[PDB]
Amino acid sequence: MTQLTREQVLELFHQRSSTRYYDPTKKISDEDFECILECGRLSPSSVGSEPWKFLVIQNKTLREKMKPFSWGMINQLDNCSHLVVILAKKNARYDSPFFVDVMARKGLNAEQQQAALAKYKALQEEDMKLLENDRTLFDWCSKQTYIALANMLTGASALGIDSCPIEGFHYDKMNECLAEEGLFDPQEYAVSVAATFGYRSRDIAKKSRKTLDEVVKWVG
């Protein structure tokens, strides 16, 4: 098993910073980048839903086409080693074909599936109130994809690989772009969040966070 001291764990999450300036001469090995993607694939997700898809956008022409509506990463698109656009599943209702696969991956038998479907329905409809509209239910999947996002960042960091998480683009324009390019079915998926990966070309900014006393309330 992988074990670290508190000092090592602190440094790992302290050393990961948002890299906005990448060295264009350095690329991540195929072995290293596969490892990053694995951090995403292995991430936990609510009821094992795994509602993500990781588009890896290495095509230079597609990257260029995104610049005019991707201000959050416009200078990173040229220089980063790798770009992942994470999609989230649309309409992941408890009764959709999508949850049939969720349960098959669990090896549920028919009676367990009936209980699981009741669980999912309760969670979605009553506990979490996700079935109000398409957007709330999509955002539930999206939340899960940010878990994958976070583990990919941390995993990149552990490998000595710099990253930047990315929201700064027009989402309608991004969805239209990528869907028009044939990269996903827009009725089935939509863009959730993005992230660049590479090796920094400039200095990383000092961490700036709220204090621990500001963000924690102990209820003893």
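Throughout, we count residues from 1 along the sequence that is shown.
Mean CA B-factor, 44-52 versus 26-34: the higher value falls on 26-34. Taking the mean C-alpha B-factor of each stretch as recorded, 140-148 and 127-135 are not equal, and the higher mean is that of 127-135.
The entry lists C-alpha B-factors for 86, 74, 102, 83, and the highest of these is at 74. Ranked against the other modelled residues of its chain, the C-alpha B-factor of residue 110 as given in the entry falls in the highest third. For residue 61, the recorded CA temperature factor ranks within the highest third of the chain's modelled residues. Per the PDB record, residue ranking by Cα B-factor puts residue 160 in the highest third of the chain.
Ranked against the other modelled residues of its chain, the C-alpha B-factor of residue 181 as given in the entry falls in the highest third. Annotation for residue 69: CA B-factor lies in the highest third of the chain's modelled residues.
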